[PDB]
Every structure is written in structure tokens, then in C-alpha cells.
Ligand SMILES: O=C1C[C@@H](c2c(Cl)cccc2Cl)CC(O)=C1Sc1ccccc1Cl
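Shown next as C-alpha cells: one chain only, the form deposited without the ligand.
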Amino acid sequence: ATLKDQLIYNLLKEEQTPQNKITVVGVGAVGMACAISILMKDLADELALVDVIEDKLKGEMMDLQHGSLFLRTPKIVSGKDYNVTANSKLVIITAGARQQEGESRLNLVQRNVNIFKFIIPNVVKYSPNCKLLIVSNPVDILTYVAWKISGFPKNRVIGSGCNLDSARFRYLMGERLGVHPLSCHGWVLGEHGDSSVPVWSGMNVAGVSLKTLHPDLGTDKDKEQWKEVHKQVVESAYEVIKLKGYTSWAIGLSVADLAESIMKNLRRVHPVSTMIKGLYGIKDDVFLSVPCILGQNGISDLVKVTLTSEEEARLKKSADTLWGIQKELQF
């Protein structure tokens, strides 16, 4: 007899059906960052990667697999057939025409418009119940594309929106005050880009409202000039791409914090793109970031933040700008 069977008495069969599968679509720098972080937070027991390049795909898979000793994720699978997606509770989409030196969240749409039409319909054919987390830019419109195509009630199609923008914000806030970002609370909402809006009313430490102590905080009259930390956040990715062509780690850490909420029913509040049709005016079927309540069904709840009239404005604007495009969708 073979050595395996000389050493190991069998007892069953099936053992394949993964119970917490997670799938990354795209294995550029972002997808791998997502992957390496989903893998070290012990979120998924199966991890499936999909992309079109088949050398880069096999090799990345091989490399993580070689570390399984140092992990608690016991199956890692790759391939350009979406059949390995099969039964993923959550699917992360990062793939498509991404970025330049200089180009910003407004030089693709039509590129990525079309790529998506293969990816999405196949994520639904082997993961028909799954949850859809859109990362690749222009992320608010691509959540539109992802939603209609797959069908899916709006709660199960989440875009990653301003989740990282509020993080980079809470980092610059903490660096200014000497407090850990965990203890600085600040929200950045809207469409992820230059038309994000930092809601300064909610900026606080230990409960105390910074806007209250510093009434001119945010207005271009500000002594301390905080409106610029919101400009560091808009141009962080520009000044990190300028130093090394791309961003990766931070999105991966932010994304894995989102998957954490979903995969564990934390019902924490994150700012992510979902369908605000109704809220803040907005009568169109548009997507953009708002304090959501993420769980094993994704966006079950929204936190109806009270905006000022100029804030509610800049939202509707961007919320037009967008639908001025999506009425024109080839899909």
C-alpha cells in the first residue's frame, strides 16, 4: 500500500466546500495587498485569485502557498477560469484599466465600462449569493456597472469609496494632535476624488467637537489651515504614485477592514459607496460614499449625516456629474 494510506486511515470524502471563501479579481499591486491582508487577519479559510495573465497568476499563488505554514488559511487557489471563484461569500474587484502618472479618477470610465461586462456576470454564476466589493476606480460609477449587470439588491454591491480617504484623514488629524488615528474621528464623504467633502462638524476627539472650539476651522479664513489636510488626502495617491508609480498597502489595509466587518457581522460603520437615491436630494440611481452599517449582508443601514447647505450642495453636484454619464451605458 501507498505510504499515505499506510499512515492515515480514511473516513470521509466530500471535503471541498469552502465555508468562508473570499475572491480577489485582479492581482496587481492592490489585489495582492488586499490578498496578503485578508490572509493575515484570518478572515477567509479559502482564498481565490483571478486575473488574465497566467504566469503572474500562478506565481503569486505559488508564493502565498509557500507561506501556508505561517498562515491559518488552508487552501489558496488561482486561475483565469472563474470556476475557482465558486462559493465565495465575498468578491473583491480591483481589475481593469488602472491609473497613470498624472491621470485621475476620470480617464477610463469607458475603458472599465467594458472590461466589467465579462468579470461581473461570471462572479454571479459560481457565487450567486456572494457580496460584491468594488475597489477599482472610478469606483462610484463602477459600483453602478457592477450593480445593474449582476442584478443584486443594492445592499450587496458595495464600492470602497471614501473608506481610505477617511483613514488618511484620521492619520493626518492624529499627526497634528499627537493622538493615535484610532482616537481621531473624522469623516470624508461624497464621490471619492476632488469632490470628496470633509464633514468638519463631526471632527472630534474624545467627544469634543473641534469645529466648536475653532469655529473658523475648515473655512479658508482658518488660522491653522485645516482645509489643507483635506487636500493632502485628495492628493495622497498622486504624491505616492509620484514616489513609486502606485499605491498598494493602504488600500489593502482599508479593504481588509471592510471584509472584516462583512465576514464577522460586526455591524460597524464605514464610509463606502452605496446607492443614495433619495438621500441629500439626489433623485437619480447614483452611487457615492455615506456612513453605512456593514455586515454579513453588506449595507443594511445608512447614517443620515446632517450636512450643511454648502455640503449638501457639493454632493448633489457630483451626484449629477455622474448620472450625466450612466444614462449612456453600453452594457
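When you see a residue number, it is the position in the sequence shown, counting from 1. Shifts are known only where both forms have a C-alpha. In this text, rigid core is short for the largest set of C-alphas that superpose within 1.5 Å between two forms.
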query	finding
Higher-scoring stretch by recorded Cα B factor average, 215 to 223 or 75 to 83	215 to 223
37 to 45 versus 283 to 291 - which carries the larger mean C-alpha B factor in the record	283 to 291
From 207, 159, 186, 121, residue of greatest CA B-factor	121
From 155, 99, 236, 201, residue of greatest CA B-factor	99
Among modelled residues of the same chain, the CA temperature factor third for residue 271	middle
Among modelled residues of the same chain, the CA temperature factor third for residue 19	middle
Chain thirds of CA B-factor: placement of residue 128	highest
Within-chain third of residue 313 by Cα B-factor, per the entry	highest
Residue 245, C-alpha B-factor rank within chain (lowest, middle or highest third)	middle
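Although not depicted, the form solved in complex with the ligand is the subject of the following passage.
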property	result
Ligand-site obstruction classification: the ligand, superposed in the deposited bound form, backbone or C-beta within 2.4 Å	blocked
Interface membership of residue 89, the ligand in the deposited bound form, 4.5 Å heavy atom rule	no
The ligand contact in the deposited bound form: residue 168, any heavy atom under 4.5 Å	yes
Partner contact for residue 241 in the deposited bound form: the ligand, 4.5 angstroms, heavy atom	yes
is_contact(residue 253, the ligand) in the deposited bound form, heavy atom dist at most 4.5 Å	no
Position in contact with the ligand when the complex is considered in the deposited bound form, options 259, 197, 132, 233, heavy atoms within 4.5 Å	233
In the deposited bound form: members of 176 to 200 within 4.5 Å of the ligand, any heavy atom	192, 193, 194
Position that moves between the shown form and the other one after core superposition, taken from 106, 253, 205, 124, with Cα shift of 2 Å or more	106
Closer or farther in the deposited bound form, the Cα atoms of residue 105 and residue 162, when the shift from this form is 3 Å or more	farther
Direction of C-alpha distance change in the deposited bound form, residue 104 to residue 230 (at least 3 Å)	farther
Moved residue ranges in sequence order between the shown form and the other one, Cα 2 Å or more, at least 3 long, core fit	98 to 107
